[PDB]
């Protein structure tokens, strides 16, 4: 199932020059950013999708991350499977680990309020995280078997909503700079 969605969002801070490439490819060059997310993916996420990507350029600085990102509604939940990043001190509620796709991931949950979401500029939502314990090598084909994460989260009481919104292999950042180029299928 080929990608059919182009995510390109920023809060307006700094520069986020995002390029909608051929098929599932995209490029990002960013500097002195506020909050942003960019990437190719799917209009409707699925808990059964296996996501393939190749991040041919990955050079983040600060809290810039290479991650599967997506949302559900009912309830409103943002989720993250983080494979690499620049500098990022992960902290919060911690639920265990999951092994997937040759790596081990730390599981976190966080809450946001008065915060931007796909529902508006000042909303409340929960965030589910799988954060790889070591940064994943980039430049070769990589898989994220997302059902492994959904199921691990489920086993710790982190259930996703029933209405699936976008699901993107993204470059996401906050107060960050860098360069990335990723193909997604």
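Positions refer to the first chain, counted from 1.
Chemist: Higher mean Cα B-factor in the deposited model: 116-124 or 136-144?
Modeler: Going by the record's values, the stretch with the higher mean is 116-124.
Chemist: Look over 13-21 and 162-170 in the entry and identify the one with the greater average Cα temperature factor.
Modeler: Result of the comparison: 13-21.
Chemist: Between 52, 155, 130, 27, where does the Cα B-factor run highest in the record?
Modeler: If I rank 52, 155, 130, 27 by C-alpha B-factor, first place goes to 155.
Chemist: Looking at 2, 183, 8, 180, which has the biggest Cα B factor in the entry?
Modeler: So the option with the highest C-alpha B-factor is 2.
Chemist: Select lowest, middle or highest to describe the third in which the CA B-factor of residue 62 falls within its chain in this entry.
Modeler: Answer is highest: the recorded C-alpha B-factor places it there.
Chemist: For the chain shown, is the CA B-factor of residue 74 in the lowest, middle or highest third of its modelled residues?
Modeler: As the PDB entry reports it, the C-alpha B-factor of residue 74 lands in the highest third of its chain.
Chemist: Report the third (lowest, middle or highest) to which the CA temperature factor of residue 48 belongs, ranking only the modelled residues of the same chain.
Modeler: As the PDB entry reports it, the C-alpha B-factor of residue 48 lands in the highest third of its chain.
Chemist: By the record's CA B-factor, is residue 92 among the lowest, middle or highest third of residues in the chain?
Modeler: It belongs to the lowest third of the chain when residues are ordered by C-alpha B-factor.
Chemist: Within this chain, which third does the Cα B-factor at residue 109 fall in: lowest, middle or highest?
Modeler: For residue 109, whose C-alpha B-factor we compare with every modelled residue in the chain, the answer is the middle third.
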